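Listing of work-v6.tsv; format and content: TSV, C-alpha atoms.
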```tsv
chain	number	residue	atom	x	y	z
A	1	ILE	CA	-62.99	-77.09	171.85
A	2	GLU	CA	-63.94	-76.90	168.16
A	3	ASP	CA	-60.25	-77.61	167.44
A	4	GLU	CA	-60.64	-81.19	166.03
A	5	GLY	CA	-61.89	-81.07	162.36
A	6	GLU	CA	-63.79	-83.71	160.27
A	7	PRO	CA	-63.09	-86.24	157.42
A	8	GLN	CA	-63.58	-87.22	153.75
A	9	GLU	CA	-62.63	-91.04	153.94
A	10	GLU	CA	-59.85	-90.90	151.20
A	11	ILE	CA	-56.44	-92.51	152.03
A	12	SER	CA	-55.06	-91.94	148.50
A	13	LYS	CA	-54.27	-88.34	149.63
A	14	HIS	CA	-51.27	-89.99	151.39
A	15	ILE	CA	-49.92	-91.61	148.20
A	16	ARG	CA	-50.40	-88.28	146.32
A	17	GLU	CA	-48.21	-87.02	149.18
A	18	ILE	CA	-45.56	-89.83	149.02
A	19	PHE	CA	-44.52	-88.54	145.63
A	20	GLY	CA	-45.77	-84.89	145.79
A	21	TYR	CA	-48.82	-84.32	143.52
A	22	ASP	CA	-51.76	-81.91	142.90
B	1	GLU	CA	-9.77	-120.54	156.91
B	2	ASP	CA	-11.75	-117.23	157.34
B	3	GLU	CA	-9.93	-113.87	158.07
B	4	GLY	CA	-9.22	-110.11	157.43
B	5	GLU	CA	-6.63	-107.43	158.42
B	6	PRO	CA	-7.02	-103.56	159.11
B	7	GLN	CA	-8.51	-101.56	162.08
B	8	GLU	CA	-10.27	-98.28	160.79
B	9	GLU	CA	-13.55	-99.94	159.63
B	10	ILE	CA	-15.89	-97.12	160.85
B	11	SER	CA	-14.63	-94.83	158.02
B	12	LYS	CA	-14.18	-97.23	155.11
B	13	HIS	CA	-17.89	-97.77	155.66
B	14	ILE	CA	-18.84	-94.10	155.38
B	15	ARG	CA	-17.02	-93.94	152.04
B	16	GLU	CA	-18.91	-97.15	151.00
B	17	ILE	CA	-22.20	-95.34	151.67
B	18	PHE	CA	-21.48	-92.77	148.96
B	19	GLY	CA	-19.44	-94.98	146.64
B	20	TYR	CA	-16.13	-93.24	147.14
B	21	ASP	CA	-12.98	-95.09	146.13
B	22	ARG	CA	-9.30	-95.50	146.91
B	23	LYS	CA	-8.21	-96.04	143.30
B	24	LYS	CA	-7.82	-92.69	141.59
B	25	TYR	CA	-5.65	-91.17	144.28
B	26	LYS	CA	-2.03	-91.70	143.16
B	27	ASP	CA	-2.08	-89.78	139.87
B	28	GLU	CA	-2.84	-86.46	141.41
B	29	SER	CA	-1.42	-84.02	138.92
B	30	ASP	CA	-2.02	-80.36	139.57
B	31	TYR	CA	-4.55	-80.03	136.89
B	32	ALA	CA	-6.97	-79.33	139.59
B	33	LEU	CA	-4.60	-76.87	141.12
B	34	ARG	CA	-4.56	-74.62	138.15
B	35	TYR	CA	-6.22	-75.53	134.85
B	36	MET	CA	-9.69	-76.01	136.19
B	37	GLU	CA	-11.69	-72.78	135.85
B	38	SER	CA	-13.31	-71.22	132.84
B	39	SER	CA	-13.11	-67.79	131.34
B	40	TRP	CA	-16.42	-66.05	131.25
B	41	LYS	CA	-16.10	-65.72	127.41
B	42	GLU	CA	-15.59	-69.50	127.35
B	43	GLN	CA	-18.69	-70.18	129.45
B	44	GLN	CA	-20.78	-67.98	127.21
B	45	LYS	CA	-19.54	-69.73	124.03
B	46	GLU	CA	-20.50	-73.03	125.62
B	47	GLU	CA	-24.10	-71.98	126.26
B	48	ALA	CA	-24.21	-70.64	122.74
B	49	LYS	CA	-23.54	-74.10	121.44
B	50	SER	CA	-25.64	-75.86	124.11
B	51	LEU	CA	-28.40	-73.75	122.82
B	52	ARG	CA	-27.92	-74.21	119.10
B	53	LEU	CA	-27.85	-77.96	119.61
B	54	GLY	CA	-30.99	-78.11	121.70
B	55	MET	CA	-32.96	-76.41	119.00
B	56	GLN	CA	-31.63	-78.63	116.25
B	57	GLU	CA	-32.39	-81.67	118.34
B	58	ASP	CA	-35.94	-80.33	118.90
B	59	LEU	CA	-36.55	-79.76	115.20
B	60	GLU	CA	-35.19	-82.94	113.75
B	61	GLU	CA	-37.65	-84.57	116.03
B	62	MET	CA	-40.55	-82.57	114.63
B	63	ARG	CA	-39.45	-83.61	111.16
B	64	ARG	CA	-39.32	-87.17	112.36
B	65	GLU	CA	-42.83	-86.60	113.49
B	66	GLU	CA	-43.89	-85.89	109.95
B	67	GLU	CA	-42.25	-89.01	108.67
B	68	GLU	CA	-43.95	-91.07	111.39
B	69	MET	CA	-47.32	-89.53	110.78
B	70	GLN	CA	-47.07	-90.99	107.30
C	1	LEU	CA	-8.13	-86.26	154.24
C	2	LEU	CA	-8.67	-83.58	151.58
C	3	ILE	CA	-10.09	-80.65	153.53
C	4	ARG	CA	-7.73	-79.33	156.18
C	5	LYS	CA	-9.02	-80.75	159.47
C	6	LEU	CA	-8.83	-77.42	161.35
C	7	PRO	CA	-11.19	-74.94	159.63
C	8	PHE	CA	-13.66	-77.78	159.03
C	9	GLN	CA	-13.95	-78.44	162.77
C	10	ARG	CA	-14.35	-74.65	163.22
C	11	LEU	CA	-17.28	-74.99	160.76
C	12	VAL	CA	-18.65	-78.02	162.68
C	13	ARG	CA	-18.47	-76.59	166.20
C	14	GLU	CA	-20.18	-73.45	164.93
C	15	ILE	CA	-23.25	-75.15	163.44
C	16	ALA	CA	-23.96	-77.09	166.68
C	17	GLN	CA	-23.72	-73.80	168.70
C	18	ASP	CA	-25.76	-72.06	165.97
C	19	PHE	CA	-28.70	-74.07	167.46
C	20	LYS	CA	-27.86	-76.61	170.14
C	21	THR	CA	-26.44	-74.66	172.94
C	22	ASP	CA	-23.14	-76.06	174.11
C	23	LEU	CA	-23.70	-79.63	172.86
C	24	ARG	CA	-20.33	-81.45	172.84
C	25	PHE	CA	-19.11	-83.75	170.00
C	26	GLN	CA	-16.34	-86.33	170.08
C	27	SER	CA	-13.15	-86.19	168.00
C	28	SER	CA	-13.59	-89.43	166.05
C	29	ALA	CA	-17.12	-88.15	165.39
C	30	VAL	CA	-15.92	-85.11	163.34
C	31	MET	CA	-13.35	-87.22	161.55
C	32	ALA	CA	-16.51	-89.09	160.51
C	33	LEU	CA	-18.42	-86.01	159.42
C	34	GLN	CA	-15.58	-84.69	157.30
C	35	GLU	CA	-14.88	-88.09	155.82
C	36	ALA	CA	-18.61	-88.09	154.95
C	37	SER	CA	-18.86	-84.51	153.71
C	38	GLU	CA	-15.90	-84.99	151.45
C	39	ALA	CA	-17.14	-88.25	150.11
C	40	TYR	CA	-20.53	-86.70	149.46
C	41	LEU	CA	-19.50	-83.60	147.58
C	42	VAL	CA	-17.55	-85.88	145.40
C	43	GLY	CA	-20.64	-88.03	144.87
C	44	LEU	CA	-22.49	-84.85	144.14
C	45	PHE	CA	-20.07	-83.53	141.60
C	46	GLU	CA	-20.22	-86.86	139.79
C	47	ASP	CA	-23.86	-85.92	139.18
C	48	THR	CA	-23.35	-82.19	138.81
C	49	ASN	CA	-21.08	-83.03	135.88
C	50	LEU	CA	-23.68	-85.34	134.37
C	51	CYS	CA	-26.07	-82.48	133.98
C	52	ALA	CA	-23.13	-80.36	132.69
C	53	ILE	CA	-22.77	-82.83	129.88
C	54	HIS	CA	-26.44	-83.48	129.60
C	55	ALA	CA	-26.67	-79.91	128.52
C	56	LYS	CA	-24.05	-80.41	125.88
C	57	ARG	CA	-21.58	-78.47	128.02
C	58	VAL	CA	-18.19	-78.84	129.80
C	59	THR	CA	-17.72	-76.17	132.41
C	60	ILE	CA	-20.02	-76.88	135.29
C	61	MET	CA	-22.21	-74.20	136.70
C	62	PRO	CA	-24.65	-73.74	139.58
C	63	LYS	CA	-27.46	-74.61	137.31
C	64	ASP	CA	-25.91	-78.01	137.08
C	65	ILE	CA	-25.42	-78.51	140.74
C	66	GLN	CA	-28.81	-77.21	141.61
C	67	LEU	CA	-30.64	-79.36	139.13
C	68	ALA	CA	-28.77	-82.40	140.27
C	69	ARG	CA	-30.04	-81.71	143.80
C	70	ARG	CA	-33.57	-80.82	142.71
C	71	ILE	CA	-33.73	-84.29	141.20
C	72	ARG	CA	-32.37	-86.04	144.27
C	73	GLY	CA	-34.68	-83.95	146.53
C	74	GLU	CA	-32.80	-81.32	148.64
C	75	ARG	CA	-32.87	-77.63	149.88
D	1	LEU	CA	-57.23	-91.39	138.10
D	2	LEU	CA	-55.97	-91.14	134.51
D	3	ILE	CA	-54.78	-94.62	133.45
D	4	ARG	CA	-57.79	-96.71	132.35
D	5	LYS	CA	-58.90	-98.96	135.20
D	6	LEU	CA	-59.33	-102.34	133.42
D	7	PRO	CA	-56.03	-102.38	131.47
D	8	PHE	CA	-54.19	-101.55	134.67
D	9	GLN	CA	-55.73	-104.38	136.60
D	10	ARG	CA	-54.58	-106.86	134.03
D	11	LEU	CA	-50.96	-105.76	134.21
D	12	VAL	CA	-50.78	-105.98	137.93
D	13	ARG	CA	-52.27	-109.36	137.57
D	14	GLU	CA	-49.65	-110.69	135.18
D	15	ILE	CA	-46.81	-109.61	137.38
D	16	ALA	CA	-48.52	-110.74	140.50
D	17	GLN	CA	-49.05	-114.13	139.05
D	18	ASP	CA	-45.39	-114.32	138.28
D	19	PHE	CA	-44.45	-113.94	141.91
D	20	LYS	CA	-46.15	-115.94	143.48
D	21	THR	CA	-48.17	-118.64	141.93
D	22	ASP	CA	-50.79	-118.64	144.72
D	23	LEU	CA	-51.67	-114.94	144.69
D	24	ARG	CA	-54.75	-112.88	145.58
D	25	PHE	CA	-55.15	-109.07	145.77
D	26	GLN	CA	-57.71	-106.92	147.57
D	27	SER	CA	-59.91	-104.47	145.56
D	28	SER	CA	-58.62	-101.26	147.24
D	29	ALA	CA	-55.08	-102.66	147.22
D	30	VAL	CA	-55.09	-102.56	143.46
D	31	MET	CA	-56.72	-99.17	143.54
D	32	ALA	CA	-53.89	-97.98	145.82
D	33	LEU	CA	-51.43	-99.45	143.36
D	34	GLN	CA	-52.75	-97.51	140.39
D	35	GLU	CA	-52.96	-94.17	142.22
D	36	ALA	CA	-49.30	-94.70	143.15
D	37	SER	CA	-48.13	-95.58	139.68
D	38	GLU	CA	-49.59	-92.40	138.26
D	39	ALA	CA	-48.34	-90.15	141.08
D	40	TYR	CA	-44.95	-91.66	140.51
D	41	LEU	CA	-44.97	-91.29	136.77
D	42	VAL	CA	-46.08	-87.70	137.06
D	43	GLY	CA	-43.43	-87.23	139.74
D	44	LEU	CA	-41.00	-88.72	137.22
D	45	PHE	CA	-42.10	-86.71	134.30
D	46	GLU	CA	-41.80	-83.38	136.03
D	47	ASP	CA	-38.13	-84.32	136.68
D	48	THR	CA	-37.67	-85.74	133.18
D	49	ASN	CA	-39.07	-82.54	131.63
D	50	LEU	CA	-36.76	-80.35	133.60
D	51	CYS	CA	-33.82	-82.24	132.20
D	52	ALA	CA	-35.34	-81.52	128.78
D	53	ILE	CA	-35.31	-77.91	129.86
D	54	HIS	CA	-31.76	-78.20	131.11
D	55	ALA	CA	-30.79	-79.22	127.69
D	56	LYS	CA	-32.51	-76.17	126.27
D	57	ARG	CA	-35.03	-78.41	124.58
D	58	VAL	CA	-38.79	-78.83	124.59
D	59	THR	CA	-39.42	-82.34	123.39
D	60	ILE	CA	-38.41	-84.91	125.98
D	61	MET	CA	-36.09	-87.68	125.05
D	62	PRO	CA	-35.50	-90.95	126.84
D	63	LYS	CA	-32.11	-89.61	127.51
D	64	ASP	CA	-33.84	-87.13	129.74
D	65	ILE	CA	-35.72	-89.84	131.56
D	66	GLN	CA	-32.65	-91.91	131.91
D	67	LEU	CA	-30.76	-89.13	133.47
D	68	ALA	CA	-33.50	-88.33	135.91
D	69	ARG	CA	-33.32	-91.99	136.90
D	70	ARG	CA	-29.54	-92.32	137.14
D	71	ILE	CA	-29.52	-89.22	139.40
D	72	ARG	CA	-32.15	-90.53	141.82
D	73	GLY	CA	-30.95	-94.13	141.97
D	74	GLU	CA	-33.27	-96.16	139.75
D	75	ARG	CA	-31.92	-99.33	138.00
D	76	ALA	CA	-31.73	-100.14	135.16
E	1	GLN	CA	-14.95	-68.69	154.27
E	2	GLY	CA	-16.71	-71.97	154.93
E	3	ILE	CA	-14.10	-74.10	153.09
E	4	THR	CA	-10.71	-74.10	151.38
E	5	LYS	CA	-11.24	-72.99	147.85
E	6	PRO	CA	-8.61	-75.25	146.30
E	7	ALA	CA	-10.01	-78.14	148.30
E	8	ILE	CA	-13.28	-77.84	146.52
E	9	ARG	CA	-11.39	-78.06	143.33
E	10	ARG	CA	-9.68	-81.26	144.20
E	11	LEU	CA	-13.08	-82.49	145.37
E	12	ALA	CA	-14.49	-81.69	142.00
E	13	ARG	CA	-11.76	-83.30	139.92
E	14	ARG	CA	-12.43	-86.42	141.94
E	15	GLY	CA	-16.04	-85.94	140.95
E	16	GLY	CA	-14.58	-86.12	137.50
E	17	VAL	CA	-15.05	-82.47	136.51
E	18	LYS	CA	-12.43	-80.83	134.30
E	19	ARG	CA	-13.82	-77.30	134.24
E	20	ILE	CA	-15.77	-75.06	136.50
E	21	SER	CA	-16.92	-71.48	136.75
E	22	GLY	CA	-15.92	-69.13	139.57
E	23	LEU	CA	-19.53	-69.17	140.63
E	24	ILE	CA	-19.13	-72.73	141.80
E	25	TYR	CA	-17.07	-72.02	144.84
E	26	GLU	CA	-19.76	-70.21	146.76
E	27	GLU	CA	-22.51	-72.59	145.68
E	28	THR	CA	-20.53	-75.50	146.92
E	29	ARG	CA	-20.11	-74.02	150.36
E	30	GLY	CA	-23.77	-73.36	150.64
E	31	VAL	CA	-24.56	-76.94	149.67
E	32	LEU	CA	-22.25	-78.26	152.34
E	33	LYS	CA	-23.59	-75.98	155.09
E	34	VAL	CA	-27.04	-77.41	154.58
E	35	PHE	CA	-25.65	-80.94	154.29
E	36	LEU	CA	-23.96	-80.48	157.57
E	37	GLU	CA	-26.92	-78.72	159.20
E	38	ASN	CA	-29.06	-81.73	158.23
E	39	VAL	CA	-26.81	-84.55	159.38
E	40	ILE	CA	-25.60	-83.12	162.70
E	41	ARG	CA	-29.15	-82.22	163.64
E	42	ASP	CA	-30.02	-85.86	163.00
E	43	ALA	CA	-26.86	-87.07	164.78
E	44	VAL	CA	-27.93	-85.17	167.91
E	45	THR	CA	-31.35	-86.77	167.94
E	46	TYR	CA	-29.54	-90.18	167.83
E	47	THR	CA	-27.56	-89.31	170.99
E	48	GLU	CA	-30.47	-87.79	172.95
E	49	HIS	CA	-32.98	-90.56	172.18
E	50	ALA	CA	-30.24	-92.95	173.40
E	51	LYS	CA	-29.75	-90.80	176.57
E	52	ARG	CA	-26.03	-90.78	175.73
E	53	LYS	CA	-23.65	-88.06	177.09
E	54	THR	CA	-22.67	-86.35	173.75
E	55	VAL	CA	-22.07	-87.22	170.08
E	56	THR	CA	-19.98	-90.01	168.59
E	57	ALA	CA	-19.23	-91.67	165.28
E	58	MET	CA	-22.14	-94.12	165.28
E	59	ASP	CA	-24.52	-91.25	165.86
E	60	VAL	CA	-23.19	-89.83	162.63
E	61	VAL	CA	-23.02	-93.21	160.85
E	62	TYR	CA	-26.63	-93.88	161.90
E	63	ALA	CA	-27.57	-90.28	160.87
E	64	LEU	CA	-26.08	-91.00	157.47
E	65	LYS	CA	-28.51	-93.81	156.89
E	66	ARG	CA	-30.46	-91.44	154.67
E	67	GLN	CA	-28.44	-91.86	151.37
E	68	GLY	CA	-28.41	-94.04	148.25
E	69	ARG	CA	-25.76	-91.59	146.89
F	1	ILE	CA	-49.56	-106.80	128.91
F	2	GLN	CA	-48.68	-103.24	127.67
F	3	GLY	CA	-52.13	-101.83	127.27
F	4	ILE	CA	-50.78	-98.58	128.71
F	5	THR	CA	-52.12	-96.56	125.84
F	6	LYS	CA	-49.99	-93.86	124.38
F	7	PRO	CA	-52.55	-91.16	125.10
F	8	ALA	CA	-52.74	-92.36	128.69
F	9	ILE	CA	-49.08	-91.54	128.86
F	10	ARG	CA	-49.49	-88.08	127.26
F	11	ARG	CA	-52.19	-87.26	129.94
F	12	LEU	CA	-49.63	-87.95	132.68
F	13	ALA	CA	-46.59	-86.43	131.02
F	14	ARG	CA	-48.63	-83.30	130.44
F	15	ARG	CA	-49.81	-83.50	134.06
F	16	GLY	CA	-46.09	-83.46	134.76
F	17	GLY	CA	-45.59	-80.29	132.71
F	18	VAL	CA	-44.31	-81.98	129.60
F	19	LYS	CA	-44.86	-80.02	126.42
F	20	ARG	CA	-43.61	-82.33	123.67
F	21	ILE	CA	-42.77	-85.98	123.59
F	22	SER	CA	-40.28	-88.02	121.59
F	23	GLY	CA	-41.90	-91.13	120.10
F	24	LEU	CA	-39.70	-93.43	122.13
F	25	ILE	CA	-40.96	-92.18	125.48
F	26	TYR	CA	-43.84	-94.59	125.20
F	27	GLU	CA	-41.74	-97.76	125.18
F	28	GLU	CA	-39.58	-96.15	127.86
F	29	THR	CA	-42.33	-95.08	130.23
F	30	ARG	CA	-43.79	-98.55	129.75
F	31	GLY	CA	-40.52	-100.20	130.69
F	32	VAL	CA	-40.18	-98.20	133.94
F	33	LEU	CA	-43.82	-98.46	134.88
F	34	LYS	CA	-43.41	-102.23	134.86
F	35	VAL	CA	-40.27	-102.12	136.97
F	36	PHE	CA	-41.94	-99.86	139.49
F	37	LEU	CA	-44.72	-102.39	139.98
F	38	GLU	CA	-42.56	-105.36	139.57
F	39	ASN	CA	-40.80	-104.45	142.71
F	40	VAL	CA	-43.41	-102.56	144.65
F	41	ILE	CA	-45.72	-105.56	144.76
F	42	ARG	CA	-42.70	-107.88	145.16
F	43	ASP	CA	-42.08	-105.92	148.35
F	44	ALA	CA	-45.76	-105.65	149.36
F	45	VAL	CA	-46.37	-109.37	149.20
F	46	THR	CA	-43.55	-109.70	151.68
F	47	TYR	CA	-45.49	-107.44	154.10
F	48	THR	CA	-48.46	-109.83	153.72
F	49	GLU	CA	-46.63	-113.18	153.81
F	50	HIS	CA	-45.07	-111.87	157.05
F	51	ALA	CA	-48.51	-111.44	158.62
F	52	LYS	CA	-49.35	-114.89	157.31
F	53	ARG	CA	-52.28	-113.27	155.61
F	54	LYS	CA	-54.31	-114.45	152.60
F	55	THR	CA	-54.35	-111.45	150.25
F	56	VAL	CA	-52.64	-108.00	150.13
F	57	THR	CA	-54.45	-104.92	151.59
F	58	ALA	CA	-53.85	-101.40	150.41
F	59	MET	CA	-52.20	-100.78	153.72
F	60	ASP	CA	-49.35	-103.16	153.01
F	61	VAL	CA	-48.80	-101.39	149.69
F	62	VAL	CA	-48.45	-98.04	151.44
F	63	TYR	CA	-45.81	-99.79	153.51
F	64	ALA	CA	-44.09	-101.22	150.39
F	65	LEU	CA	-44.33	-97.73	148.91
F	66	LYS	CA	-42.50	-95.94	151.64
F	67	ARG	CA	-39.37	-98.06	150.93
F	68	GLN	CA	-40.01	-97.35	147.16
```
Output the file's structure as structure tokens, nothing else.
Amino acid sequence: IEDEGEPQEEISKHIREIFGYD
Amino acid sequence: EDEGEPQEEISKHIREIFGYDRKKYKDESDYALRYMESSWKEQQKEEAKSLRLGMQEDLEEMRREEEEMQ
Amino acid sequence: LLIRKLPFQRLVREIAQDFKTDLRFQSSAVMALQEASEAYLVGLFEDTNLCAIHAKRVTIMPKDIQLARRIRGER
Amino acid sequence: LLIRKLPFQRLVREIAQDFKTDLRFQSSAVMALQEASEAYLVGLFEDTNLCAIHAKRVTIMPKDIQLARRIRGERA
Amino acid sequence: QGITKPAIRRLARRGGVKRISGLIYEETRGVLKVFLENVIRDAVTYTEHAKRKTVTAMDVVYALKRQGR
Amino acid sequence: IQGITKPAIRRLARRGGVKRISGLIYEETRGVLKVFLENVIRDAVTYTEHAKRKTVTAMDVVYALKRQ
């Protein structure tokens, strides 16, 4: 299956998400 | 040496979660029964003022800005 | 205490059945929900009214409730 | 990021020193800190501003901030 | 409908409000519905994931651990 | 100390949507920014002392964040 994707190595995207942020 | 009294502790906790209180519960006049809703003219006069004030507030601040700039 | 116990339960039963098919709930459990729901709306109005007055107003409106919620995070 | 990197590190450092005296921080751990602080402050300002709006105003006052904090749960 | 109109008044005056618009009554109901939706849903999950027969106070009380206010 | 420059603030505020700023927002924003850190590290440390670890990783911040 080609149904698993691939990364970028940034964890910050989670913090952006903890508060909601563009 | 160490002790308490009542037996309904699963509720008096729930209230504690939200900060609810026993105290203002004996003075229950009917105000709430009947004097508590506002005439649609009254609501619209209130926004009228809410509005006026907001703008004045905004402007005095801009003026303040001038003073601060110099 | 301050909602009538009856129609509240009617509201409770309904929402369980509205998704969980024939899930049962205890008595002392709804006497906990109501006691909570009451206590909350109160909490909420405390805040609703803050925005009321924040706006330089008196009579509270939906805008006031809704904002209050939007700040707390809620749908 | 949007706060300057150096002047942020120093602040974290002063507080960190305060509790505890022995104290050491990882490099990405401080990075993570900054990226939070901004996210939060933007989070905060969007709320703050919409209490400015609620007041039918444009300029934001501390009173707006303060409200947005009381309503969430932030002390003081 | 969902709740006793005058109840939501008394609930408000406890909140400390002295004046409301007619529009409030509906809005309040809505807000409760979704409150209730949210908590009972989470009370259920407390009773299932403890294999327990069906819901009780402490399911609720646990489900309420979601609130500073 | 408080080297959180005023135009740093404006960048964020505006990122928030803010369109005009009272002059006192600076001191205020500063005050809160401190408090946020003051007790997000306070609570991160504790996630690192409780692994008897030397220094604090990002990961233990993310943990101290989620409490907030």
List as CSV every residue of chain B that is in contact with segment 59-69 of chain C, defined as an atom at most 9 Å from one of its atoms (using all atoms listed in the file), together with the nearest atom pair and the distance in Å rounded to one decimal, sorted by chain and then rising number.
```
residue,atom,partner,partner_atom,distance
B:36,CA,C:59,CA,8.9
B:37,CA,C:59,CA,7.7
B:38,CA,C:59,CA,6.6
B:42,CA,C:59,CA,8.6
B:43,CA,C:59,CA,6.8
B:46,CA,C:59,CA,8.0
```
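Shortest atom-to-atom contact with chain B among C:15, C:23, C:55, C:30: C:55, counting only C-alpha atoms.
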Neighbour list for segment 52-60 of chain B as an MDAnalysis selection string, cut-off 8 Å, only C-alpha atoms, skip fewer than 4 positions in-chain: (chainID B and resid 48 64) or (chainID C and resid 56) or (chainID D and resid 55:59)
Within 9 Å of (-19.9, -82.3, 139.2) in the file's own coordinates, which protein, DNA or RNA residues have an atom, counting all atoms listed in the file? List them as an MDAnalysis selection string. (chainID C and resid 41:52 60:61 64:65 68) or (chainID E and resid 12:17 20)
Of D:52, D:20, D:46, D:4, the one sitting nearest residue 34 of chain D when using all atoms listed in the file is D:4
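The space between atom CA of residue 4 of chain E and atom CA of residue 35 of chain B spans 17.2 Å.
With only C-alpha atoms as the basis for measurement, D:10 is the residue among D:70, D:24, D:10, D:75 that approaches residue 2 of chain F most closely.
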Judged by all atoms listed in the file, the minimum distance to residue 19 of chain A among D:42, D:33, D:3, D:71 is found for D:42
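Proximity to chain D was assessed for E:54, E:67, E:1, E:47 counting only C-alpha atoms; the smallest distance is recorded for E:67.
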Counting all atoms listed in the file, the residue among D:22, D:40, D:45, D:6 that lies closest to chain F is D:45
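Of note, atom CA of residue 12 of chain C and atom CA of residue 36 of chain E are spaced 7.8 Å apart.
Once residue 61 of chain F and its same-chain neighbours fewer than 5 positions away are set aside, residues 29, 32 and 33 of chain D; 40, 41, 44 and 56 of chain F remain within 8 Å of it when counting only C-alpha atoms.
Put simply, atom CA of residue 14 of chain B is 11.9 Å away from atom CA of residue 66 of chain E.
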If we count all atoms listed in the file, which residues of chain B reach to within 9 Å of chain F? Please list them as a PyMOL selection string. chain B and resi 61-62+65+68
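Using only C-alpha atoms, we find that the part of chain D lying within 9 Å of chain C comprises residues 47, 50, 51, 52, 53, 54, 55, 56, 63, 64, 67, 68, 69, 70, 71, 72 and 73 of chain D.
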Should the cut-off be 9 Å, what would the residue list for chain E against chain C look like, counting only C-alpha atoms, as a PDB file with C-alpha atoms, in the frame of the given file?
```pdb
ATOM      1  CA  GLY E   2     -16.710 -71.970 154.930  1.00  0.00           C
ATOM      2  CA  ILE E   3     -14.100 -74.100 153.090  1.00  0.00           C
ATOM      3  CA  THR E   4     -10.710 -74.100 151.380  1.00  0.00           C
ATOM      4  CA  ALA E   7     -10.010 -78.140 148.300  1.00  0.00           C
ATOM      5  CA  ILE E   8     -13.280 -77.840 146.520  1.00  0.00           C
ATOM      6  CA  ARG E  10      -9.680 -81.260 144.200  1.00  0.00           C
ATOM      7  CA  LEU E  11     -13.080 -82.490 145.370  1.00  0.00           C
ATOM      8  CA  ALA E  12     -14.490 -81.690 142.000  1.00  0.00           C
ATOM      9  CA  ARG E  13     -11.760 -83.300 139.920  1.00  0.00           C
ATOM     10  CA  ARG E  14     -12.430 -86.420 141.940  1.00  0.00           C
ATOM     11  CA  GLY E  15     -16.040 -85.940 140.950  1.00  0.00           C
ATOM     12  CA  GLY E  16     -14.580 -86.120 137.500  1.00  0.00           C
ATOM     13  CA  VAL E  17     -15.050 -82.470 136.510  1.00  0.00           C
ATOM     14  CA  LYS E  18     -12.430 -80.830 134.300  1.00  0.00           C
ATOM     15  CA  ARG E  19     -13.820 -77.300 134.240  1.00  0.00           C
ATOM     16  CA  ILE E  20     -15.770 -75.060 136.500  1.00  0.00           C
ATOM     17  CA  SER E  21     -16.920 -71.480 136.750  1.00  0.00           C
ATOM     18  CA  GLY E  22     -15.920 -69.130 139.570  1.00  0.00           C
ATOM     19  CA  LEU E  23     -19.530 -69.170 140.630  1.00  0.00           C
ATOM     20  CA  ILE E  24     -19.130 -72.730 141.800  1.00  0.00           C
ATOM     21  CA  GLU E  27     -22.510 -72.590 145.680  1.00  0.00           C
ATOM     22  CA  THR E  28     -20.530 -75.500 146.920  1.00  0.00           C
ATOM     23  CA  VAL E  31     -24.560 -76.940 149.670  1.00  0.00           C
ATOM     24  CA  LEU E  32     -22.250 -78.260 152.340  1.00  0.00           C
ATOM     25  CA  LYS E  33     -23.590 -75.980 155.090  1.00  0.00           C
ATOM     26  CA  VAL E  34     -27.040 -77.410 154.580  1.00  0.00           C
ATOM     27  CA  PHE E  35     -25.650 -80.940 154.290  1.00  0.00           C
ATOM     28  CA  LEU E  36     -23.960 -80.480 157.570  1.00  0.00           C
ATOM     29  CA  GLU E  37     -26.920 -78.720 159.200  1.00  0.00           C
ATOM     30  CA  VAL E  39     -26.810 -84.550 159.380  1.00  0.00           C
ATOM     31  CA  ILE E  40     -25.600 -83.120 162.700  1.00  0.00           C
ATOM     32  CA  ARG E  41     -29.150 -82.220 163.640  1.00  0.00           C
ATOM     33  CA  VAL E  44     -27.930 -85.170 167.910  1.00  0.00           C
ATOM     34  CA  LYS E  53     -23.650 -88.060 177.090  1.00  0.00           C
ATOM     35  CA  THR E  54     -22.670 -86.350 173.750  1.00  0.00           C
ATOM     36  CA  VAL E  55     -22.070 -87.220 170.080  1.00  0.00           C
ATOM     37  CA  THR E  56     -19.980 -90.010 168.590  1.00  0.00           C
ATOM     38  CA  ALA E  57     -19.230 -91.670 165.280  1.00  0.00           C
ATOM     39  CA  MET E  58     -22.140 -94.120 165.280  1.00  0.00           C
ATOM     40  CA  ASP E  59     -24.520 -91.250 165.860  1.00  0.00           C
ATOM     41  CA  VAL E  60     -23.190 -89.830 162.630  1.00  0.00           C
ATOM     42  CA  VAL E  61     -23.020 -93.210 160.850  1.00  0.00           C
ATOM     43  CA  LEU E  64     -26.080 -91.000 157.470  1.00  0.00           C
ATOM     44  CA  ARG E  69     -25.760 -91.590 146.890  1.00  0.00           C
TER      45      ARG E  69
END
```
Residue list for chain A near chain F as an MDAnalysis selection string, 10 Å, all atoms listed in the file: chainID A and resid 11:12 14:15 18:19 21:22
Would you mind exporting C-alpha atoms of the selected residues as a short mmCIF file (atom, residue, chain, number, x, y, z; two decimals), keeping the file's coordinate frame?
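Listed below is the output, result-v4.cif:
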```
data_model
loop_
_atom_site.label_atom_id
_atom_site.label_comp_id
_atom_site.auth_asym_id
_atom_site.auth_seq_id
_atom_site.Cartn_x
_atom_site.Cartn_y
_atom_site.Cartn_z
CA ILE A 11 -56.44 -92.51 152.03
CA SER A 12 -55.06 -91.94 148.50
CA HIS A 14 -51.27 -89.99 151.39
CA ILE A 15 -49.92 -91.61 148.20
CA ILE A 18 -45.56 -89.83 149.02
CA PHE A 19 -44.52 -88.54 145.63
CA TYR A 21 -48.82 -84.32 143.52
CA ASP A 22 -51.76 -81.91 142.90
#
```
